[PDB]
Amino acid sequence: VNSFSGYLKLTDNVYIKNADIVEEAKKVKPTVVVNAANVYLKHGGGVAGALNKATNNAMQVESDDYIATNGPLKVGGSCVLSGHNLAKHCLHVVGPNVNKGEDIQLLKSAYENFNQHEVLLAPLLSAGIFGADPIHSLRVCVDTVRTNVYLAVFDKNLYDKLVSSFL
Ligand SMILES: O=C(N[C@H]1C=C[C@@H](C(=O)O)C1)c1ncnc2sccc12
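The chain has the name Non-structural protein 3 in the PDB entry, where Severe acute respiratory syndrome coronavirus 2 is given as its organism. For this entry, the PDB record gives the title as "PanDDA analysis group deposition -- Crystal structure of SARS-CoV-2 NSP3 macrodomain in complex with ZINCkk00000cjQyM - (R,S) isomer".

Looking at this model, I keep getting lost on helix α2 (residues 46-54). Mind explaining?
Along an α-helix, residues three or four apart share an orientation, since each turn contains 3.6 residues. Among the residues of α2, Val-47, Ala-48, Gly-49, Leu-51 and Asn-52 are the ones counted as buried. Looking at the buried side of α2, the elements it contacts are α1 (21-28), β3 (32-37) and α3 (58-70). The positive-phi residue at the C-terminal boundary of α2 is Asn-56, with phi of around 60 degrees.

In this structure, what is going on with the side chain of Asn-113? I would like to understand it.
Topologically, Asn-113 is positioned in the loop between α4 (106-112) and β6 (119-122). We classify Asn-113 as buried; its relative accessible area is 15%. A polar contact is formed between the side chain of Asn-113 and the side chain of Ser-78, at a distance of 2.9 Å. Not counting the four nearest positions on each side in its chain, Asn-113 is found in contact with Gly-76, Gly-77, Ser-78, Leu-91 and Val-93.

What should I look at first to understand the nonpolar core in this one?
As a rule of thumb, soluble globular proteins bury nonpolar side chains together. Membership of the largest hydrophobic core comes to 47 residues, with the highest contact counts inside it found for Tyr-111, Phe-114, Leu-121, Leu-125, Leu-138 and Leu-151. Per-element accounting of this core gives the leading share, 5 residues, to strand β7 (residues 148-153). Excluding its chain neighbours within four sequence positions, the residues that come into contact with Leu-121 are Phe-4, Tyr-7, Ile-21, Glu-24, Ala-25, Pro-30, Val-32, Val-33, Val-34, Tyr-150 and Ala-152. If you look at the next biggest cluster of nonpolar residues, it comprises 9 residues, including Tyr-66, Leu-73, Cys-79 and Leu-81.

Help me understand the pattern of salt bridges in this model?
One side chain can pair with another of opposite charge once the charged atoms of both are near each other. Evaluation of the coordinates by the stated rule reveals 4 salt bridges. A salt bridge links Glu-24 to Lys-17; the nearest nitrogen and oxygen atoms lie 3.0 Å apart. There is no split in this pair, since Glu-24 and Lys-17 are both buried. Between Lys-26 and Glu-23 there is a salt bridge, with its nearest N and O atoms 3.5 Å apart. With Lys-26 and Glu-23 both in helix α1 and 3 residues apart, the pair spans about one turn of that helix. The class of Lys-26 is partly exposed, set by a relative accessible area of 43%. Among the residues examined, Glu-23 registers a relative accessible area of 44% and is labelled partly exposed.

Reading guide: rules and limits
Residues numbered from 1 in each chain as written, not as in the entry; some residues may be left out. Heavy atoms only, no water. Buried < 20%, exposed > 50% of the residue type's maximum accessible area, 1.4 Å probe, protein only. Helix = DSSP H or I, 4+ residues; strand = E, 2+ residues; numbered from the N terminus. Contact = heavy atoms within 4.5 Å. Polar contact = N/O pair within 3.5 Å; in protein donor to acceptor, adjacent residues only side chain to side chain. Core = buried A, V, L, I, M, F, W, Y, C linked by side-chain atoms within 4.5 Å. Salt bridge = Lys/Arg side-chain N within 4 Å of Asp/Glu carboxyl O.

So this is what it looks like as structure tokens:
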């Protein structure tokens, strides 16, 4: 049993809710919250900007030190950093940015990072401002992630469409 509430079960291991991931993280304080990161860990908008803002910019400060030491992530890659006031850990995952010619096939590689964590709170990678179709992102998630994933869909209209088109 875990403390996530009001999710619609989609499969054995995937659950979905219309939720703002920052508000959900603040309420649940999960072990792992997933950030929709870019390779530079520059947290400006969407999930990354919102999480970073909720940490009072501490996420960005930590991230800048990480990049100065390690260099950029790979598209499809990830790193584990602090969850600050929101979660124990933040898994920063880079999905391909469709609007800049990066392969959508890398979305599967991005979701594979989730399998290193038993339970996660995550948004739909590559969707929203990253330019890919959220219906596709949900399908790749379901077909790739085997650990327990609690998906936070920001928009109610989109949430309802994702549920309706699922089977
Ligand atoms: O930006 C987000 N998701 C994108 C992926 C699918 C779209 C959606 O979920 O409506 C948009 C996101 N998701 C969840 N909590 C938050 S809080 C700020 C942004 C955000």
